[PDB]
Every structure is written in structure tokens, then in C-alpha cells.
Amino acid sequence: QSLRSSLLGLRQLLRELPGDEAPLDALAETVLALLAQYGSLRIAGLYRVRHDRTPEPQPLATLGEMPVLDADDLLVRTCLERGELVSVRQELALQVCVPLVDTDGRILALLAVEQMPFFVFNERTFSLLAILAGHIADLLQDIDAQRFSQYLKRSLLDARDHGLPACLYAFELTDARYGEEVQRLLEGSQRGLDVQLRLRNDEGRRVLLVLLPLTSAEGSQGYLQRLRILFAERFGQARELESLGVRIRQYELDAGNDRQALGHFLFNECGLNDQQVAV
């Protein structure tokens, strides 16, 4: 949950820097700091990874007395070949390598850990570094549609690799009298990290997709409940959201879901296509 704030705080940093510098370079220190905090790291470095999946030897940022990086170190190479976090056998001078991998499988950067306290050298920690690293990779990377598809892929990976839930709402706006105003209300209701996408379904109707990443069934209930109150303010208490021609479809992503089940929701049920949302 501290996760929300960190990502949100980073996203803000991204949005408020000049083009006169690539994000990874400007935010190297911040990114390392985030990772250092979540893994209670003591000695580590952050490195750019090249298109050819080899790291730039010169670190973007370091923490403590980080040694020169050995690019031929098997741990680095195994991490970079697999695109996955790798750690040394706990029974047995890097201790862990964590790649920053975006949703397309491109590796942007490498966290190399020389030392972390023995007692945070476990799967729960590794999981957290890996979750955070993937999200960070995303942020470093049609605007609205591209972003929506990326975040959606991220959520699929998070549910699949880590069992983290997410929720997808589709708001079909069937009464043109209120369509624009309903959308405006939803857009103004937006939490950072949540993403929205305006579309037209195959029946020619306006649809507003809302993706709530990292959000449990209870969270999605809290959200919708917050919305009904906003709606009651905007169109009066006497009026229900549905009486404004709004139809709700909801899809919970979780460990037991699949890309195929999600596609069925987007295309078969919501009536969208893969030119609108990439799965």
C-alpha cells in the first residue's frame, strides 16, 4: 500500500521534468532509493541495460560502497537472459539481481545488490522488489490507449506472478442526454494509477473503461460506492446512476483469471476490439 504513494510520487516526478533529459537518467537516484527502502538494501547499484540486454558498466546510481560491476557475473547474466529477479542460493559478490522489465519484456535497467541484511533475504522481499521494479519500468516508458493497455498488461502480470488483484469497470453510456456529463464526472473522479479510456463499442455506444490496478474486491466496492455518492451529488439523490442510461460491467482480475477470460470480457461482452485495447 506504501506502494501506491511511491509510484504516485515517482509518476509526479516524471511528469514535472524537462525533455532535456531521459527519465531513467534523471530519476536514477530516486528509483534506487525506492528500491533500497523496500528491500532495506545496504549496498547496491542501478544500471542502464542496453538494447542487447547487457548492462552499462558505469552505474547510474550507487548505494554504499558498491564494487565495479562484473558484466560476466553469472547472476547478472542469468537475470538479464531470463528477464527475472535472481538471487544466490541462501545456503551460500552479488546477492541478488533485479531487472526492471516493462510489459513488453524490454529490460530498461538492472538493480544489482551487493549486500542486504540476512533477514530480508527472502521471497516476500524478492517479490516486493520485483513488483516495484516492473511498475517502475512501466513509468519510465494513442497516449490514453497506449497507457491503458500497458497498465492492463501490468495488472495481468501482477495477478499471474504475484496474485495481486485488479478491477476493470466498463461504463456503457446509453443515454446521449447524460453521456458527456457522466463521462466528465467519472474523469474528474480519477485516482492516480487508475486509468480510464473513452471508447465506442461495436453497437456505436460510448463506453468509459476504468482500470483499478492493485485493487481488491473490497476496494472496488469502496470505489463504486464512492461513485454513487458523487453521482447523487451531481444529478441529485433522487436519481440512480442507472436511470441516466448507464450500464455497468465489472471484471475482477485475479490469480484464477486468464488473458483469454479477460479478452472475452473486453471483446465478446463489452463489444470492443483489439485495435482499441491490446491484450
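Residues carry their position along the shown sequence, with the first being 1.
- In the deposited sequence, the stretch from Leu92 to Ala93 hides 10 or more residues that have no coordinates.
- The deposited sequence places no unmodelled residues between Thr125 and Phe126, so the chain runs continuously there.
- Higher mean CA B-factor, judged across 17-25 and 261-269 from the recorded values: 17-25.
- For the pair 51-59 and 221-229, the record assigns the higher mean C-alpha temperature factor to 51-59.
- Across the residues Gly236, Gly64, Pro213, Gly245, the deposited record lists the maximum Cα B factor for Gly64.
- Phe118 sits in the highest third of its chain by CA B factor, as recorded in the PDB entry.
- Looking at the C-alpha B-factors along this chain, the one for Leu208 belongs to the lowest third.
- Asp72: CA B factor in the highest third of modelled residues in this chain (values from the PDB entry).
- Per-chain ranking of the deposited C-alpha B factor places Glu81 in the middle third.
- In the PDB entry, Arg160 places in the middle third of its chain by CA B-factor.
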